[PDB]
>>> print(open('structure_38.tsv').read())   # TSV, C-alpha atoms and all ligand atoms
chain	number	residue	atom	x	y	z
O	2	UNK	CA	167.46	87.21	97.28
O	3	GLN	CA	166.17	89.84	94.88
O	4	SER	CA	162.65	88.42	94.54
O	5	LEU	CA	162.48	87.61	98.25
O	6	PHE	CA	162.84	91.34	98.91
O	7	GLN	CA	160.05	92.40	96.57
O	8	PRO	CA	156.78	93.57	98.15
O	9	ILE	CA	153.51	91.72	97.62
O	10	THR	CA	149.81	92.48	97.91
O	11	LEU	CA	147.86	90.32	100.38
O	12	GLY	CA	144.20	91.21	100.03
O	13	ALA	CA	143.85	94.82	101.17
O	14	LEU	CA	147.43	94.84	102.53
O	15	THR	CA	150.73	95.74	100.83
O	16	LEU	CA	153.48	93.72	102.47
O	17	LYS	CA	157.10	94.80	102.59
O	18	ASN	CA	158.75	91.60	101.39
O	19	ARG	CA	158.10	87.90	100.67
O	20	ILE	CA	159.33	86.63	104.05
O	21	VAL	CA	156.90	85.07	106.50
O	22	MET	CA	157.34	84.36	110.19
O	23	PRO	CA	155.22	81.18	110.27
O	24	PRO	CA	153.33	79.98	113.34
O	25	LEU	CA	155.67	79.00	116.18
O	26	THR	CA	154.17	77.75	119.46
O	27	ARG	CA	156.26	79.10	122.32
O	28	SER	CA	154.00	78.15	125.25
O	29	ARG	CA	154.60	81.49	127.00
O	30	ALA	CA	150.98	82.47	127.71
O	31	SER	CA	150.21	83.86	131.14
O	32	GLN	CA	148.62	81.70	133.76
O	33	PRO	CA	145.93	81.38	134.81
O	34	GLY	CA	143.93	81.98	131.69
O	35	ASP	CA	146.27	81.22	128.77
O	36	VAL	CA	146.63	84.91	127.99
O	37	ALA	CA	148.96	86.42	125.40
O	38	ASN	CA	151.25	88.84	127.20
O	39	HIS	CA	154.02	91.41	127.32
O	40	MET	CA	156.99	89.18	126.51
O	41	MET	CA	155.04	87.86	123.55
O	42	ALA	CA	154.30	91.35	122.24
O	43	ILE	CA	158.01	92.23	122.44
O	44	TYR	CA	158.95	88.93	120.81
O	45	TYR	CA	156.66	89.44	117.83
O	46	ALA	CA	157.54	93.13	117.46
O	47	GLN	CA	161.24	92.18	117.35
O	48	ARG	CA	160.43	90.09	114.25
O	49	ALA	CA	158.22	92.64	112.47
O	50	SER	CA	160.67	93.15	109.62
O	51	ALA	CA	158.98	90.06	108.20
O	52	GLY	CA	156.52	90.80	105.44
O	53	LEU	CA	153.87	88.81	107.33
O	54	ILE	CA	153.74	87.34	110.82
O	55	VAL	CA	151.43	84.41	111.48
O	56	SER	CA	150.87	83.91	115.18
O	57	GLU	CA	151.56	80.70	116.96
O	58	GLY	CA	148.50	78.48	117.08
O	59	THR	CA	145.86	79.97	119.34
O	60	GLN	CA	143.13	77.64	120.55
O	61	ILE	CA	139.54	78.47	119.71
O	62	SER	CA	138.06	76.93	122.85
O	63	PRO	CA	139.11	75.11	126.02
O	64	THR	CA	138.94	71.71	124.32
O	65	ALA	CA	140.88	72.87	121.24
O	66	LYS	CA	144.23	73.07	123.16
O	67	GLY	CA	147.03	70.56	122.69
O	68	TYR	CA	149.98	71.87	124.65
O	69	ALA	CA	150.54	73.55	127.97
O	70	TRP	CA	150.53	77.34	128.16
O	71	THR	CA	149.46	78.12	124.59
O	72	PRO	CA	147.48	81.35	124.25
O	73	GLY	CA	143.77	81.20	123.60
O	74	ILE	CA	141.52	83.45	121.54
O	75	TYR	CA	138.14	82.84	123.16
O	76	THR	CA	137.98	84.95	126.37
O	77	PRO	CA	137.86	88.72	126.62
O	78	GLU	CA	141.19	88.75	128.45
O	79	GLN	CA	142.78	86.59	125.74
O	80	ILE	CA	141.54	88.99	123.07
O	81	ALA	CA	143.04	91.91	124.99
O	82	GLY	CA	146.37	90.14	125.42
O	83	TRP	CA	146.47	89.62	121.69
O	84	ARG	CA	145.60	93.28	121.16
O	85	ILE	CA	148.80	94.32	122.89
O	86	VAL	CA	150.70	92.01	120.50
O	87	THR	CA	148.99	93.36	117.41
O	88	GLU	CA	149.47	96.96	118.57
O	89	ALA	CA	153.17	96.33	119.04
O	90	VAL	CA	153.54	94.64	115.67
O	91	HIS	CA	151.55	97.30	113.83
O	92	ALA	CA	153.69	100.03	115.42
O	93	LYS	CA	156.57	98.43	113.51
O	94	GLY	CA	154.86	98.38	110.13
O	95	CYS	CA	153.96	94.73	109.69
O	96	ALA	CA	150.86	92.58	109.07
O	97	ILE	CA	149.87	89.84	111.47
O	98	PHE	CA	147.40	86.96	111.13
O	99	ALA	CA	146.12	84.81	113.99
O	100	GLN	CA	146.48	81.04	113.51
O	101	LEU	CA	143.17	79.58	114.72
O	102	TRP	CA	143.84	76.19	116.27
O	103	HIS	CA	141.92	73.05	117.14
O	104	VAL	CA	144.22	70.13	117.82
O	105	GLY	CA	141.57	67.40	117.83
O	106	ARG	CA	143.11	64.18	119.05
O	107	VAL	CA	146.64	65.61	119.42
O	108	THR	CA	146.24	66.48	123.08
O	109	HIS	CA	145.97	65.02	126.55
O	110	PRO	CA	143.05	65.43	128.98
O	111	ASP	CA	145.24	67.52	131.29
O	112	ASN	CA	145.24	70.26	128.62
O	113	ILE	CA	141.51	70.20	128.01
O	114	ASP	CA	139.92	70.34	131.46
O	115	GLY	CA	139.97	66.55	131.84
O	116	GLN	CA	137.85	66.02	128.73
O	117	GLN	CA	138.40	63.25	126.25
O	118	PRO	CA	139.87	64.57	123.00
O	119	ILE	CA	137.71	64.72	119.88
O	120	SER	CA	138.48	63.67	116.32
O	121	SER	CA	136.89	62.51	113.10
O	122	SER	CA	137.19	58.97	114.45
O	123	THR	CA	138.23	57.01	117.52
O	124	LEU	CA	141.78	56.50	116.18
O	125	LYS	CA	144.64	57.49	118.46
O	126	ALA	CA	147.50	59.35	116.80
O	127	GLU	CA	150.30	56.79	116.80
O	128	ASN	CA	153.76	57.65	118.08
O	129	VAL	CA	152.80	61.17	119.09
O	130	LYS	CA	153.46	63.11	122.27
O	131	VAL	CA	152.26	66.47	123.53
O	132	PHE	CA	153.29	68.23	126.72
O	133	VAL	CA	151.38	69.23	129.84
O	134	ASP	CA	151.94	71.33	132.94
O	135	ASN	CA	153.09	68.96	135.60
O	136	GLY	CA	153.45	71.78	138.22
O	137	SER	CA	157.07	72.26	137.39
O	138	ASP	CA	158.32	74.99	135.16
O	139	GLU	CA	159.32	72.58	132.36
O	140	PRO	CA	156.90	70.95	129.94
O	141	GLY	CA	156.02	67.37	130.80
O	142	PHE	CA	155.92	65.22	127.61
O	143	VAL	CA	153.07	62.69	127.54
O	144	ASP	CA	151.43	60.28	125.13
O	145	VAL	CA	148.26	61.52	123.47
O	146	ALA	CA	144.90	60.08	124.45
O	147	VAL	CA	142.37	58.07	122.47
O	148	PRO	CA	139.75	60.42	121.06
O	149	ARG	CA	136.00	60.15	120.72
O	150	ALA	CA	134.40	60.64	117.31
O	151	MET	CA	132.67	63.96	116.76
O	152	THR	CA	128.91	64.00	116.44
O	153	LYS	CA	127.00	66.28	114.12
O	154	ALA	CA	126.40	68.59	117.04
O	155	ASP	CA	130.13	68.62	117.85
O	156	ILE	CA	130.80	69.62	114.24
O	157	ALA	CA	128.35	72.48	114.53
O	158	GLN	CA	129.91	73.57	117.80
O	159	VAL	CA	133.46	73.57	116.42
O	160	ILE	CA	132.37	75.50	113.33
O	161	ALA	CA	130.71	78.05	115.65
O	162	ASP	CA	133.87	78.24	117.74
O	163	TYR	CA	135.99	78.87	114.64
O	164	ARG	CA	133.59	81.52	113.41
O	165	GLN	CA	133.62	83.34	116.70
O	166	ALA	CA	137.39	83.00	117.02
O	167	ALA	CA	137.74	84.80	113.68
O	168	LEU	CA	135.61	87.67	114.97
O	169	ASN	CA	137.66	87.67	118.18
O	170	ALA	CA	140.86	87.91	116.12
O	171	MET	CA	139.47	90.98	114.37
O	172	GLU	CA	138.54	92.48	117.74
O	173	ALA	CA	142.15	91.81	118.84
O	174	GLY	CA	143.39	93.84	115.85
O	175	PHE	CA	144.72	91.03	113.69
O	176	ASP	CA	144.78	91.66	109.97
O	177	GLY	CA	143.43	88.20	109.24
O	178	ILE	CA	143.36	84.62	110.37
O	179	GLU	CA	145.10	81.45	109.27
O	180	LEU	CA	143.12	78.24	109.65
O	181	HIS	CA	145.44	75.52	110.94
O	182	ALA	CA	144.31	72.59	108.78
O	183	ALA	CA	147.78	71.02	108.83
O	184	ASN	CA	150.26	69.00	110.88
O	185	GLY	CA	147.86	66.31	112.02
O	186	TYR	CA	145.38	68.55	113.88
O	187	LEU	CA	141.59	68.38	113.86
O	188	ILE	CA	140.75	69.38	110.31
O	189	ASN	CA	143.65	67.29	109.04
O	190	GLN	CA	142.18	64.31	110.93
O	191	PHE	CA	139.16	64.63	108.60
O	192	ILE	CA	141.10	65.29	105.37
O	193	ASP	CA	143.54	62.39	105.49
O	194	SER	CA	142.02	59.04	104.61
O	195	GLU	CA	143.87	56.91	107.14
O	196	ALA	CA	142.78	59.15	110.03
O	197	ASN	CA	139.11	59.24	109.04
O	198	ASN	CA	136.94	56.12	109.26
O	199	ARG	CA	133.58	57.94	109.38
O	200	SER	CA	130.66	56.47	107.57
O	201	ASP	CA	128.59	59.69	107.42
O	202	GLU	CA	128.92	62.61	105.03
O	203	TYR	CA	132.26	63.61	106.65
O	204	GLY	CA	134.18	60.50	105.65
O	205	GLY	CA	135.06	58.00	103.01
O	206	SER	CA	134.95	59.77	99.76
O	207	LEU	CA	137.22	62.65	98.89
O	208	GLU	CA	134.30	65.08	98.78
O	209	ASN	CA	133.22	63.90	102.22
O	210	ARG	CA	136.72	64.12	103.71
O	211	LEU	CA	137.00	67.73	102.49
O	212	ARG	CA	133.54	68.67	103.80
O	213	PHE	CA	134.58	69.77	107.30
O	214	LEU	CA	137.33	71.96	105.80
O	215	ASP	CA	134.80	73.38	103.35
O	216	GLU	CA	132.27	74.20	106.03
O	217	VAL	CA	134.80	75.73	108.43
O	218	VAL	CA	136.24	77.90	105.64
O	219	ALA	CA	132.77	78.98	104.58
O	220	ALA	CA	132.02	80.13	108.10
O	221	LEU	CA	135.35	81.98	108.43
O	222	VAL	CA	134.82	83.76	105.13
O	223	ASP	CA	131.26	84.66	106.08
O	224	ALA	CA	132.48	86.12	109.35
O	225	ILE	CA	135.46	88.21	108.24
O	226	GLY	CA	135.81	88.11	104.47
O	227	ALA	CA	137.89	85.91	102.17
O	228	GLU	CA	140.59	88.58	101.89
O	229	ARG	CA	141.30	88.03	105.62
O	230	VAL	CA	141.34	84.20	105.58
O	231	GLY	CA	144.41	82.03	104.91
O	232	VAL	CA	144.61	78.27	105.33
O	233	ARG	CA	147.53	75.99	106.23
O	234	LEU	CA	147.78	72.45	104.79
O	235	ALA	CA	150.33	69.63	105.12
O	236	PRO	CA	149.91	67.32	102.14
O	237	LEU	CA	152.84	65.01	102.67
O	238	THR	CA	154.13	65.21	106.26
O	239	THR	CA	152.76	62.58	108.63
O	240	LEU	CA	154.64	63.18	111.86
O	241	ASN	CA	151.59	63.84	114.03
O	242	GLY	CA	149.81	60.77	112.77
O	243	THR	CA	147.72	61.71	109.75
O	244	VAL	CA	148.39	59.84	106.51
O	245	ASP	CA	146.41	60.19	103.29
O	246	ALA	CA	146.42	57.35	100.72
O	247	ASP	CA	146.39	59.62	97.63
O	248	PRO	CA	147.70	62.97	98.78
O	249	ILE	CA	148.29	64.43	95.33
O	250	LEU	CA	144.61	63.97	94.52
O	251	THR	CA	143.37	64.95	97.98
O	252	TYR	CA	145.49	68.09	98.27
O	253	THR	CA	145.13	69.26	94.67
O	254	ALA	CA	141.37	68.94	95.29
O	255	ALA	CA	141.71	70.79	98.61
O	256	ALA	CA	143.63	73.57	96.90
O	257	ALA	CA	140.94	73.90	94.24
O	258	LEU	CA	138.22	73.92	96.92
O	259	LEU	CA	140.00	76.70	98.74
O	260	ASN	CA	140.47	78.55	95.47
O	261	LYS	CA	136.65	78.49	95.07
O	262	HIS	CA	136.36	80.23	98.44
O	263	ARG	CA	138.85	82.85	97.25
O	264	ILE	CA	140.91	82.57	100.43
O	265	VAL	CA	143.70	85.16	100.43
O	266	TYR	CA	146.58	82.70	100.87
O	267	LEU	CA	147.33	79.00	101.02
O	268	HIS	CA	150.24	78.03	103.26
O	269	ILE	CA	151.96	74.69	102.73
O	270	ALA	CA	153.84	73.24	105.71
O	271	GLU	CA	156.44	71.32	103.71
O	272	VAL	CA	158.50	70.06	106.67
O	273	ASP	CA	157.47	69.35	110.22
O	274	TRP	CA	160.51	69.04	112.48
O	275	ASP	CA	162.61	66.23	110.88
O	276	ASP	CA	159.74	64.97	108.64
O	277	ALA	CA	160.91	66.34	105.29
O	278	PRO	CA	159.26	64.20	102.61
O	279	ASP	CA	160.08	64.60	98.92
O	280	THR	CA	157.65	67.19	97.63
O	281	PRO	CA	157.87	66.94	93.85
O	282	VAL	CA	158.10	70.09	91.81
O	283	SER	CA	155.39	68.67	89.53
O	284	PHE	CA	153.07	68.54	92.54
O	285	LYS	CA	154.01	72.07	93.59
O	286	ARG	CA	153.22	73.25	90.08
O	287	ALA	CA	149.83	71.50	90.22
O	288	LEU	CA	149.06	73.29	93.50
O	289	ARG	CA	150.06	76.56	91.82
O	290	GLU	CA	147.42	75.96	89.11
O	291	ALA	CA	144.76	74.69	91.51
O	292	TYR	CA	145.06	77.68	93.88
O	293	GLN	CA	145.63	81.07	92.36
O	294	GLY	CA	146.02	83.33	95.38
O	295	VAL	CA	149.16	83.93	97.43
O	296	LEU	CA	151.06	80.68	97.95
O	297	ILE	CA	153.31	80.38	100.99
O	298	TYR	CA	155.71	77.50	101.73
O	299	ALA	CA	157.67	76.82	104.89
O	300	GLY	CA	160.08	74.04	105.84
O	301	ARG	CA	163.87	73.99	105.74
O	302	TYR	CA	164.18	77.03	103.49
O	303	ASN	CA	167.34	79.13	103.36
O	304	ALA	CA	167.90	82.24	101.30
O	305	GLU	CA	168.92	80.34	98.19
O	306	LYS	CA	166.07	77.86	98.18
O	307	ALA	CA	163.53	80.57	99.03
O	308	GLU	CA	164.63	82.75	96.13
O	309	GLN	CA	164.65	79.75	93.80
O	310	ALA	CA	161.13	78.68	94.77
O	311	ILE	CA	159.82	82.17	94.03
O	312	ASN	CA	161.73	82.55	90.76
O	313	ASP	CA	160.66	79.08	89.60
O	314	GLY	CA	157.02	80.17	90.04
O	315	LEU	CA	156.30	77.73	92.86
O	316	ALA	CA	155.75	80.12	95.76
O	317	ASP	CA	154.96	83.76	96.33
O	318	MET	CA	156.18	83.91	99.94
O	319	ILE	CA	158.45	81.77	102.07
O	320	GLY	CA	158.26	81.15	105.78
O	321	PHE	CA	161.30	80.55	107.99
O	322	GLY	CA	160.41	78.95	111.31
O	323	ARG	CA	163.43	77.84	113.32
O	324	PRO	CA	165.64	80.61	111.91
O	325	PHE	CA	163.16	83.28	113.07
O	326	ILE	CA	163.31	82.01	116.63
O	327	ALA	CA	167.00	82.81	116.92
O	328	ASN	CA	167.29	85.71	114.46
O	329	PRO	CA	164.85	88.54	115.18
O	330	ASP	CA	166.42	90.39	112.25
O	331	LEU	CA	166.28	87.36	109.97
O	332	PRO	CA	165.32	89.41	106.87
O	333	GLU	CA	168.38	91.66	107.20
O	334	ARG	CA	170.59	88.66	107.72
O	335	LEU	CA	169.21	86.84	104.68
O	336	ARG	CA	169.62	89.96	102.55
O	337	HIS	CA	173.25	90.54	103.56
O	338	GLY	CA	174.33	86.93	104.02
O	339	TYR	CA	175.08	87.55	107.67
O	340	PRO	CA	175.48	84.32	109.65
O	341	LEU	CA	172.40	83.02	111.38
O	342	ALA	CA	172.30	82.28	115.07
O	343	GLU	CA	170.87	78.89	115.98
O	344	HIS	CA	168.05	78.36	118.43
O	345	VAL	CA	168.19	76.52	121.76
O	346	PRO	CA	165.69	73.62	121.80
O	347	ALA	CA	165.43	73.69	125.57
O	348	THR	CA	163.86	77.18	125.56
O	349	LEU	CA	161.42	76.66	122.68
O	350	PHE	CA	158.50	75.95	125.02
O	351	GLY	CA	157.58	77.38	128.42
O	352	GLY	CA	159.61	79.62	130.64
O	353	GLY	CA	159.96	83.33	130.19
O	354	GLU	CA	161.98	85.84	128.28
O	355	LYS	CA	165.13	83.74	128.12
O	356	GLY	CA	165.26	82.10	124.74
O	357	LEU	CA	162.35	84.27	123.59
O	358	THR	CA	163.25	87.96	123.51
O	359	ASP	CA	167.00	87.84	124.26
O	360	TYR	CA	168.30	86.64	120.91
O	361	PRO	CA	170.20	89.74	119.68
O	362	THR	CA	170.15	91.41	116.37
O	363	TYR	CA	173.26	90.90	114.27
O	364	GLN	CA	176.33	92.90	115.24
O	365	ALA	CA	179.59	92.44	113.44
X	1	LIG	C1	158.98	75.76	118.15
X	1	LIG	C2	158.07	75.43	117.00
X	1	LIG	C3	156.67	75.54	117.18
X	1	LIG	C4	155.78	75.36	116.15
X	1	LIG	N1	154.39	75.52	116.38
X	1	LIG	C5	153.56	75.60	115.26
X	1	LIG	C6	152.29	76.15	115.36
X	1	LIG	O1	151.81	76.68	116.40
X	1	LIG	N2	151.51	76.10	114.22
X	1	LIG	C7	151.98	75.63	113.00
X	1	LIG	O2	151.19	75.62	112.02
X	1	LIG	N3	153.24	75.20	112.89
X	1	LIG	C8	154.02	75.23	113.98
X	1	LIG	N4	155.35	74.89	113.80
X	1	LIG	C9	155.87	74.59	112.46
X	1	LIG	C10	156.52	75.81	111.77
X	1	LIG	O3	155.55	76.77	111.43
X	1	LIG	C11	157.23	75.44	110.49
X	1	LIG	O4	156.33	75.00	109.49
X	1	LIG	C12	158.35	74.39	110.64
X	1	LIG	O5	159.18	74.66	111.77
X	1	LIG	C13	159.16	74.21	109.37
X	1	LIG	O6	159.84	75.42	109.00
X	1	LIG	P1	161.40	75.59	109.38
X	1	LIG	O7	162.13	74.38	108.85
X	1	LIG	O8	161.77	76.88	108.68
X	1	LIG	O9	161.48	75.69	110.88
X	1	LIG	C14	156.25	75.03	114.87
X	1	LIG	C15	157.63	74.87	114.70
X	1	LIG	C16	158.53	75.08	115.76
X	1	LIG	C17	160.01	74.96	115.47
X	2	LIG	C1	163.04	70.60	123.99
X	2	LIG	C2	162.33	71.12	122.75
X	2	LIG	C3	161.65	69.90	122.11
X	2	LIG	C4	161.40	70.16	120.62
X	2	LIG	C5	160.69	68.97	119.97
X	2	LIG	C6	159.27	69.40	119.62
X	2	LIG	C7	158.08	68.70	120.20
X	2	LIG	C8	156.77	68.98	119.46
X	2	LIG	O1	156.53	70.33	119.17
X	2	LIG	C9	155.25	70.59	118.64
X	2	LIG	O2	155.34	70.47	117.18
X	2	LIG	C10	154.10	70.57	116.51
X	2	LIG	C11	154.27	70.27	115.04
X	2	LIG	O3	154.65	68.90	114.98
X	2	LIG	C12	153.60	71.99	116.74
X	2	LIG	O4	152.37	72.21	116.13
X	2	LIG	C13	153.46	72.32	118.24
X	2	LIG	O5	153.20	73.70	118.32
X	2	LIG	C14	154.81	72.00	118.91
X	2	LIG	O6	154.63	72.23	120.29
>>> encode(input="structure_38.tsv", output="structure tokens", more="lines below")
Ligand SMILES: Cc1cc2nc3c(=O)[nH]c(=O)nc-3n(C[C@H](O)[C@H](O)[C@H](O)COP(=O)(O)O)c2cc1C
Ligand SMILES: CCCCCCCCO[C@@H]1O[C@H](CO)[C@@H](O)[C@H](O)[C@H]1O
Amino acid sequence: XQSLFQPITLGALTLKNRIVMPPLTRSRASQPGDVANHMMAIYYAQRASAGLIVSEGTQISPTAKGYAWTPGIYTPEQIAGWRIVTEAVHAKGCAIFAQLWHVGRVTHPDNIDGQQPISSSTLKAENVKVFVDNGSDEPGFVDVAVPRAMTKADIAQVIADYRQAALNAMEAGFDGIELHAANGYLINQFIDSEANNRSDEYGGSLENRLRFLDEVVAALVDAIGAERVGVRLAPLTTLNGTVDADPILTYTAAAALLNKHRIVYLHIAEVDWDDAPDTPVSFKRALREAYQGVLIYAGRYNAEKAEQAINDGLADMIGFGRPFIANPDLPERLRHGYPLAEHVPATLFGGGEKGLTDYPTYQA
């Protein structure tokens, strides 16, 4: 754990250690309005011994939402709710980035004001569910809907929404933003060949499939500066329905594209739930050459594997998702080898403080 507990520079920030709390949707936002709130501020502040917190995905617009009760980042009230979170986290000595979210086709009309979802194409995500508010207090799991293909004007609108969301994140006191371009969501629906059947400049070729990513990143950087922009990618997981035919080429190219933009970090989502594909070390080393900023990995890491990934030169920082839900003091536990509590799946999403802020710190 020695390297894990070394500080690191992230742009203008000096971070305390190499541990990341990655984005974790908890579906706790206040209703009406999808507003980040008090229990969320406590929850994040409890976990501020991380070197970096990345917020749960926060939708950039009404039609960017995939799941019931996720917090937005587009209304004044939403910005203010996030400000209480960032104030709480900063009072603990910690950096926090907002994960800007557009789910594309991974949604249901019930979550997007009755609208049809949008995507690169008209392809439904196969074997994917989201959840909606069915009036009860538990999430209602539902099949996703068939999307409509984005027009040029839709592309411009979504870019504008991302750009503004980045400014809104700065107004909310975040230290930066993370673009969610992973786990089968909108940008990923353009990147991955089998999800993109466009015949315009946003599909077919590799250059074309990376174009939407390129243009979104350019707008984010123009708005808030490259030192405040991270990006999340999922080269090899396919759980939410996006498959690429040549992911080593596509994602090495994506990494090099992002390197050109000088984004402050690249975050690889190596596992999504139970989807834990073989991610060859040779490929990780290629990503390390293609992108020369801070490289973050998350997915089924423990203390041993995290330390090894850093010492092998594969990663600079490591995120721990599920363990951070149940262990607010995860860094201390990893450092000492204290046993980790396990999380309760039934309280991941929705509800209140139970299963959110009532996981204790370690006590022998
Ligand atoms: C409850 C839960 C919610 C999640 N929601 C998001 C999210 O909002 N954005 C995201 O990029 N990943 C999300 N993820 C994925 C995690 O960031 C992480 O990559 C994944 O859980 C693998 O890491 P782990 O094995 O350490 O949990 C979520 C994971 C969990 C368990
Ligand atoms: C009862 C708890 C059910 C846990 C099973 C999780 C259902 C899907 O969970 C979803 O996973 C996505 C990544 O695939 C995330 O981006 C979303 O934030 C999350 O809501």
>>> atom_distance(input="structure_38.tsv", atom1="atom CA of residue 160 of chain O", atom2="atom CA of residue 65 of chain O")
11.9 Å
>>> residues_near_ligand(input="structure_38.tsv", ligand="ligand LIG 2 (chain X)", cutoff="7 Å", atoms="all atoms listed in the file", output="PyMOL selection string")
chain O and resi 25-26+58+68+131+184+240-241+273-274+346-350
>>> write_last_selection(input="structure_38.tsv", atoms="C-alpha atoms", output="compact mmCIF listing (two decimals), in the frame of the given file")
# COMPACT_ATOMS: atom_id res chain seq x y z
CA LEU O 25 155.67 79.00 116.18
CA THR O 26 154.17 77.75 119.46
CA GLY O 58 148.50 78.48 117.08
CA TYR O 68 149.98 71.87 124.65
CA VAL O 131 152.26 66.47 123.53
CA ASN O 184 150.26 69.00 110.88
CA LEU O 240 154.64 63.18 111.86
CA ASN O 241 151.59 63.84 114.03
CA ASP O 273 157.47 69.35 110.22
CA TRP O 274 160.51 69.04 112.48
CA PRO O 346 165.69 73.62 121.80
CA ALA O 347 165.43 73.69 125.57
CA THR O 348 163.86 77.18 125.56
CA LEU O 349 161.42 76.66 122.68
CA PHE O 350 158.50 75.95 125.02
>>> residues_around(input="structure_38.tsv", residues="residue 202 of chain O", least_positions_apart="2", cutoff="12 Å", atoms="all atoms listed in the file", output="list in words")
residues 121, 152, 153, 156, 191, 197, 198, 199, 200, 204, 205, 206, 207, 208, 209, 210, 211, 212 and 213 of chain O
>>> residues_around(input="structure_38.tsv", residues="segment 107-110 of chain O", least_positions_apart="5", cutoff="6 Å", atoms="only C-alpha atoms", output="PyMOL selection string")
chain O and resi 67+115-117+145-146
>>> write_last_selection(input="structure_38.tsv", atoms="C-alpha atoms", output="mmCIF file, keeping the file's coordinate frame")
data_model
loop_
_atom_site.group_PDB
_atom_site.id
_atom_site.type_symbol
_atom_site.label_atom_id
_atom_site.label_comp_id
_atom_site.auth_asym_id
_atom_site.auth_seq_id
_atom_site.Cartn_x
_atom_site.Cartn_y
_atom_site.Cartn_z
ATOM 1 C CA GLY O 67 147.030 70.560 122.690
ATOM 2 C CA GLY O 115 139.970 66.550 131.840
ATOM 3 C CA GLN O 116 137.850 66.020 128.730
ATOM 4 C CA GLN O 117 138.400 63.250 126.250
ATOM 5 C CA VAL O 145 148.260 61.520 123.470
ATOM 6 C CA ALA O 146 144.900 60.080 124.450
#
>>> atom_distance(input="structure_38.tsv", atom1="atom CA of residue 87 of chain O", atom2="atom CA of residue 169 of chain O")
12.7 Å
>>> closest_residue(input="structure_38.tsv", among="O:133, O:250, O:86, O:55", to="residue 181 of chain O", atoms="all atoms listed in the file")
O:55
>>> residues_near_ligand(input="structure_38.tsv", ligand="ligand LIG 1 (chain X)", cutoff="8 Å", atoms="only C-alpha atoms and all ligand atoms", output="ChimeraX atom specification")
/O:22-27,56-59,100,102,181,183-184,233,270-274,299-302,320-326,346,349-350
>>> closest_atom_pairs(input="structure_38.tsv", of="segment 48-89 of chain O", to="segment 111-114 of chain O", cutoff="12 Å", atoms="only C-alpha atoms", output="CSV")
residue,atom,partner,partner_atom,distance
O:60,CA,O:113,CA,10.7
O:61,CA,O:113,CA,11.9
O:62,CA,O:113,CA,9.2
O:63,CA,O:113,CA,5.8
O:64,CA,O:113,CA,4.7
O:65,CA,O:113,CA,7.3
O:66,CA,O:112,CA,6.2
O:67,CA,O:112,CA,6.2
O:68,CA,O:112,CA,6.4
O:69,CA,O:112,CA,6.3
O:70,CA,O:112,CA,8.8
O:71,CA,O:112,CA,9.8
>>> atom_distance(input="structure_38.tsv", atom1="atom CA of residue 171 of chain O", atom2="atom CA of residue 11 of chain O")
16.3 Å
>>> closest_residue(input="structure_38.tsv", among="O:168, O:159, O:224, O:254", to="residue 192 of chain O", atoms="all atoms listed in the file")
O:254
>>> closest_residue(input="structure_38.tsv", among="O:83, O:163, O:298, O:363", to="residue 337 of chain O", atoms="only C-alpha atoms")
O:363
>>> residues_around(input="structure_38.tsv", residues="residue 105 of chain O", least_positions_apart="6", cutoff="8 Å", atoms="only C-alpha atoms", output="PyMOL selection string")
chain O and resi 65+67+118-120+148+186-188+190
>>> closest_residue(input="structure_38.tsv", among="O:176, O:226, O:195, O:138", to="residue 164 of chain O", atoms="all atoms listed in the file")
O:226
>>> residues_around(input="structure_38.tsv", residues="segment 43-53 of chain O", least_positions_apart="5", cutoff="8 Å", atoms="all atoms listed in the file", output="number ranges by chain")
O: 8, 16-22, 86, 89-90, 93-98, 325, 329-332, 357-358
>>> build_atoms(input="structure_38.tsv", residues="segment 233-240 of chain O", atoms="N, CA and C atoms", output="PDB file, keeping the file's coordinate frame")
ATOM      1  N   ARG O 233     146.318  76.782 106.229  1.00  0.00           N
ATOM      2  CA  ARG O 233     147.530  75.990 106.230  1.00  0.00           C
ATOM      3  C   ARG O 233     147.186  74.515 106.042  1.00  0.00           C
ATOM      4  N   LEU O 234     147.912  73.865 105.108  1.00  0.00           N
ATOM      5  CA  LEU O 234     147.780  72.450 104.790  1.00  0.00           C
ATOM      6  C   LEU O 234     149.147  71.772 104.863  1.00  0.00           C
ATOM      7  N   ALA O 235     149.136  70.465 105.098  1.00  0.00           N
ATOM      8  CA  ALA O 235     150.330  69.630 105.120  1.00  0.00           C
ATOM      9  C   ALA O 235     150.089  68.388 104.298  1.00  0.00           C
ATOM     10  N   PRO O 236     150.279  68.455 102.982  1.00  0.00           N
ATOM     11  CA  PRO O 236     149.910  67.320 102.140  1.00  0.00           C
ATOM     12  C   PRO O 236     150.690  66.051 102.426  1.00  0.00           C
ATOM     13  N   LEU O 237     151.991  66.157 102.724  1.00  0.00           N
ATOM     14  CA  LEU O 237     152.840  65.010 102.670  1.00  0.00           C
ATOM     15  C   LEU O 237     153.509  64.658 103.999  1.00  0.00           C
ATOM     16  N   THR O 238     153.615  65.562 104.938  1.00  0.00           N
ATOM     17  CA  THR O 238     154.130  65.210 106.260  1.00  0.00           C
ATOM     18  C   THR O 238     153.072  64.393 107.007  1.00  0.00           C
ATOM     19  N   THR O 239     153.573  63.562 107.901  1.00  0.00           N
ATOM     20  CA  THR O 239     152.760  62.580 108.630  1.00  0.00           C
ATOM     21  C   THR O 239     153.169  62.463 110.078  1.00  0.00           C
ATOM     22  N   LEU O 240     154.055  63.340 110.559  1.00  0.00           N
ATOM     23  CA  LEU O 240     154.640  63.180 111.860  1.00  0.00           C
ATOM     24  C   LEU O 240     153.636  63.052 112.981  1.00  0.00           C
TER      25      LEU O 240
END
